[PDB]
Structures are given as structure tokens and as C-alpha cells.
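We give C-alpha cells for two forms of one protein chain below, kept apart as structure 1 and structure 2.
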Structure 1
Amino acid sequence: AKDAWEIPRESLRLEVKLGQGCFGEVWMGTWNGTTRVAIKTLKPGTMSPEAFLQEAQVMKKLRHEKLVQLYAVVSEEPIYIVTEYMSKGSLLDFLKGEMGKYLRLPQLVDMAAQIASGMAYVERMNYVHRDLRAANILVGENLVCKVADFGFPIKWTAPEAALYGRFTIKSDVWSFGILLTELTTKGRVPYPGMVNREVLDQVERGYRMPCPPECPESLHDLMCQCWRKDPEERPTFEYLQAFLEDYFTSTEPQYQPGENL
């Protein structure tokens, strides 16, 4: 028995390959011959309707302009998931690429605000992303950013989650903190020079990334709030959204552009 999200297979045209991997593939395509869409194919060898359908409900229930929207599914294998198309790809490729040159703090804080808005919706609904970071954010026209791909990357993960599996909205706040350094360095790996083992030992004994060049210290404080040892002292996304939305009036009103930020 199938639900309202199902579509017939004839309605999809896959046109350009965009991404690859062990999971499957991602294509840009057309739905019902008239609707630009992203399509994610899954190889028949990989995870079955036992763990597909449990993980489908998440993307079927949650709905917000700052989370990448499900449009349709072909559920019987081979599986196809159809979502909205984000014309600029992942945030990480965006910042690294041709556009990074031109982005400055106002745009970068704005993108942060938007993700914070998406995650504040996840927070209200009592969910947890678990792998929040630039690679899992998509960008569209007019710098619209949307959270994607809800769950090894210990550099983005809060210590309590990486050591004890305590994944909570507060461990997503930590990852947001790291995301802010990706935004403010145009997409560089965090903890540059440090292998994964080095990062746990250091973070656990108090080490935190310093202020990136040309980034205001007030913004690096926000980062340090997200990186508090004690999960419950980290701010909410409601707070973070508000802080970033209001940033240039309330916090940094004499901001003057520089060479990179």
C-alpha cells in the first residue's frame, strides 16, 4: 500500500549528473515534463525499505523554507527521491569556487542567519540533524541557503556526541559553530594542520579555534558560545537566528568592509 508522495516512474527525466558515491547518485532533472527537480537515485544493493521508510518519514513530516523540500518518491526499488533543485550546489563548493572571491561578511552572516532559521525549526519540532556542516547545505538563487541531508567527520561534531553518542540539538549547535568558521574562511577545513586524533585530544583539554583573519571578535565570541564544554550552556537556534539577523544593527554597527571579509 502506497501513500500520496508516490509518483509514476515515467514522470521523471534525469538530464545531468551532479554527484556520485557509495549511497547512489544525484541528478538534475524534470518532473511531469515541466518542473525542475533534483533526483537522488539509490543503488538496489544498498539499504532496504526497513531503514528507508523509517528515514523517509523525517523528510515527509518536516517542512520549512530553509530545509530542502521533498517533492515525490519512487519507493519500490530501484528507488528515486525527488526534491527541490538548488541551482548553486553545496555551500562548501560555493565558498571554495568562483563566488568566494566576492562574498563578504554581510552575505556570509546572512547565509548563517538562514541556516539558523532552518535549524530553529528543527529545534521547535524536537529533531536532531547530527551532521550539520557546509557540505550538507545547498544554495540557490539569491544566496538562499537550505539545510539538507539529515543523518567520519569528528571535526564538526561536539565531543559528547563523538565520545558518548549524545547527539542532541545542542550538539548541532556545536556544529553550527564550526560552520561559522567555514563561512568566515571561504570553506577551509577547520583545525588546519590537525589530524582527527589531534582534534579530540586538544578540544577536550580546552582548545578552540582562534578568530579567523578579518572576522570580528564579536562573531568569534558567538562561535565560542556554541563550543561550550557543557551542552546546556550553548545557545539555542532561536537565539542564534536572532543574533545573526540583527547583527549589523545591534552588535557590529560600525562594520567596515576589508579585503576578504
Structure 2
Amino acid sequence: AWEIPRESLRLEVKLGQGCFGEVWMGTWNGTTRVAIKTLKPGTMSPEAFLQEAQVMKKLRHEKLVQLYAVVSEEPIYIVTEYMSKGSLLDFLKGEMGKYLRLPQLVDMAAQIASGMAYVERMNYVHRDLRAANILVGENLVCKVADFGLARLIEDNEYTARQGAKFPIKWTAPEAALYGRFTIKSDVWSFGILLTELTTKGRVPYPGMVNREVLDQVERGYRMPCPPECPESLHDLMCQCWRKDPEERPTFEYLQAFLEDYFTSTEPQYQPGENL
């Protein structure tokens, strides 16, 4: 019903290409600038996507990238609000990243937490929360994107949480072994997302490989405090990385913590070369 015609969409410039798809800046009717994400055929069933898209329509928040329209027929097109600065991973690794400091990054972290807090309130699970799926816009605005599409993926390796098409490094152990995805498992991913911010886009568990990570995490290995990062922020990461999901923090707590970080947690902060 929210379906639209393909001819309505013009794909102008390719922002990115991914494992299951690519993303384009475009025009929706010659009037509306939009982001168009396209999935390769055989990624997910169109009925399943439409069923899920109903839920995606339900989810509305200012820190969530808002769905505009879809094309059910393969290749499936997802049409959403355009974000000017592209991916968070793109932004951090970009020229602007050098000018980013801890207050900016914590603020960016806070916005993500605010969107997830809404998702937490809505009893929903993202299943793949990381910098790649964060979108940045003008004035350092960060919004969470691509929620709910992880479940719909039909890839055989991906289903078993295996095969390097899977973001195992961001994935909580209980959700990796047994595939139990909760808002709590998202909190684990968020802690990993915090690493991406404070390292300005470095891949998690550097030097380790996807096979290596799960056993290391299982035996209690956790990522060390990043350079120029306050131990207090790193402690927050560790809370997110607790083995028992129940003792991991809520997104509501996270949002307030990040928002009040420089008055309540680190009032005596001084900027460094990186942070």
C-alpha cells in the first residue's frame, strides 16, 4: 500500500556498496531528495519484507532514519530520508574525523542511544547495531538505520551466524551461539559501537579474525581502553560486554549517561590530539 513505482525513483550518485546491497542518493519525484537502498535478488523474501515493513512503518523517532516507501518486487528498493554525511563509519574515517573530539563523539553516541531507547521502549530489536548502519546528517546529527532487516536475511551462512558476511565482532555471545537476539544483545553491539567512535572507525578486536573472536570473548577477553579515552567510558563499554545479558545496562541509562557525561562523569576533561 505504501508501495511506489520504480520509474518514480532516479538514482543519481552511489554512496556505498555492501554485502547484501548498495545505497544511492536520489530523487523520489524530482522534488524529494531520498536515500535508496537496493538489495540483491535472493537476499530476502518480498512477502517477509512487506510484513516486516509494516513494523518498520510503526517505528517513528527523530533519531531513527524514517521509511518513505518501498518496492516489493526484486530487486527490492527501500526509500528513506536522505542523510547528507553518509555512514558513520564513512564520517569517522573521513576528513572531518580529525576535528572530532570526545564531546562530539559522546554526543553522537548519545543520539544513537536515544533512538535505541525508543526501540527499547517499543519492544523491538535492531539485531545489527554498528557504525556501518548509523547515518550522519548535517550538524552532527546521527540516526539509527536498517533496523529489522537482519532477521529477514536468507543467506545460509548468515543464518548460522557464520561466514564473515556476519558481524560476529559486534555480536553478543548468547546471540552468536544460540541466536537469541534481544534489546540486551543490541546493548552489546552498542558497546562495540562505542569503540568505533573513540577510535574514529577502527575495526573491533584489531589483529584478531572472525573465527578467533568468539572463543576469546567466551574466555573473558574484552577490548582494552582506547588511547586518550577516559577509563570511565571504557568501563561503560565493559558493562555492555557483561556475559550475563541481564546485568548489561539499558539504552535509557546509556542515553542519560552519555548526555550527562561531562557534568556528571568527567567534568575535569581536557581535549587531546585525538580525543
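FYI, numbering is relative to structure 1, first residue = 1. Whichever C-alpha set is largest while still superposing within 1.5 Å between the two forms counts as the rigid core.
After superposing the rigid core, the C-alpha of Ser250 moves by less than 2 Å between structure 1 and structure 2. When the rigid core is held fixed, the Cα atom of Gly29 travels 2 angstroms or more between structure 1 and structure 2. Put simply, the small part of the chain turns as a rigid block by 15° against the big part between structure 1 and structure 2, using C-alpha fits.
The shift recorded for the CA atom of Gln57 between structure 1 and structure 2 is 1.0 Å, with superposition on the rigid core. On the core-superposed pair, the CA position of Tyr207 changes by 0.2 Å between structure 1 and structure 2. Taking the core as the reference frame, the CA atom of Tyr80 shifts 3.8 angstrom between structure 1 and structure 2.
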